[PDB]
Amino acid sequence: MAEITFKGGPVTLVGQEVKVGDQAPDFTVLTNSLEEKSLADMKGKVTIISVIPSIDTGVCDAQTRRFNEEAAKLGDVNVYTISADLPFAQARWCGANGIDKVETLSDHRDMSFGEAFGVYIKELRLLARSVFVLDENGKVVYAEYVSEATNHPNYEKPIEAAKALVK
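Residues numbered from 1 in each chain as written, not as in the entry; some residues may be left out. Heavy atoms only, no water.

Asker: In this structure, what is going on with the side chain of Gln90? I would like to understand it.
Answerer: Note that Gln90 resides in the loop between β6 (78-83) and β7 (102-106). From its side chain, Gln90 meets the backbone oxygen of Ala84 in a polar contact 3.3 Å long. A distance of 2.6 Å separates the side chain of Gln90 from the side chain of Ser106, its partner in a polar contact. Setting aside chain neighbours within four positions, we find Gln90 in contact with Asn32, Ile55, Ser83, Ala84, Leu105 and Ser106. (Helix = DSSP H or I, 4+ residues; strand = E, 2+ residues; numbered from the N terminus. Polar contact = N/O pair within 3.5 Å; in protein donor to acceptor, adjacent residues only side chain to side chain. Contact = heavy atoms within 4.5 Å.)

Set out below in structure tokens:
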């Protein structure tokens, strides 16, 4: 189970607990440029996806920044950071600053990724704090939901999962 806490309050997820091997549905997301992109546009290469409620939340610094920076060096992998619409959350791309390969995404506009990966928080209506790695067909090769959204996962584990493919 992929239930989480946010600020020390438990909160439920809508479409729950994707896991390794479960495959990814194909939904749509928006870019930082507000263009429609789908999972099918990511397919054809190994892909890495961080998910955060906002970037103002400081989780930028502690892990997402670093994880993305490492991810971008494993190889030519796609790297993404999905955020809420929330104004605090796309301006500044703490994950996508200095690593031009990273792009910030705005799923909350359509919630399609939110529902499809079950990271839409039922109680809070935010993107969950989560991290995923996908094979070239879009098959999830890592998934994690951080037990507290204001906290961060061990980021080596998705890096190893990505290494295991890229190599």
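Right, picking up where we left off after that structure.
Asker: Sorry, what's going on with helix α2 (residues 59-74) here?
Answerer: Think of an α-helix as 3.6 residues a turn; residues three or four steps apart then line up on the same face. With 16 residues, α2 should reach 22 Å at 1.5 Å per residue; the first-to-last C-alpha distance of 22 Å fits that figure. Among all positions of α2, only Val59, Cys60, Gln63, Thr64, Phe67, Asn68, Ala71 and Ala72 are buried. (Expected span 1.5 Å × (residues − 1). Buried < 20%, exposed > 50% of the residue type's maximum accessible area, 1.4 Å probe, protein only.)

Asker: Before we go on, may I ask you to explain the environment of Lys19 in this structure?
Answerer: Positionally, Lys19 belongs in the loop between β2 (9-11) and β3 (28-30). When the C-alpha positions of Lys19 and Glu144 are compared, they lie 7.9 Å apart, and in sequence the two are 125 residues distant.

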